[PDB]
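Okay, so here's the structure we're looking at.
Each value in this text was obtained by applying a stated rule to the coordinates, not by laboratory testing.
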Amino acid sequence: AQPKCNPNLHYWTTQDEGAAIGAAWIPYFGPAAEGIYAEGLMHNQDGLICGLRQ
């Protein structure tokens, strides 16, 4: 399992939910603020994740 180094990713199952990609030059406010910002608490996270451990 992971080494417990993820940010939040509590709104998206787990997969990179805005973990720097945007999948449409939109990682800026794509799945990070495409209505997500409404979270106004933390759901607007990114999703760094070490990937395994580093």
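Using Cα pairs under 8 angstrom and six or more residues apart, how large is the relative contact order of the chain, in percent? Don't skip to the end; give the middle numbers.
Working: 68 pairs, mean separation 27.9, N = 54.
Reported as a whole number, the value is 52 percent.
Annotation: Cα Rg of the chain relative to the compact-globule expectation 2.2 N^0.38 Å equals 1.11. The slack in the chain from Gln54 to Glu39, taken as 0.36 nm per residue of separation less the alpha-carbon distance, amounts to 2.5 nm.
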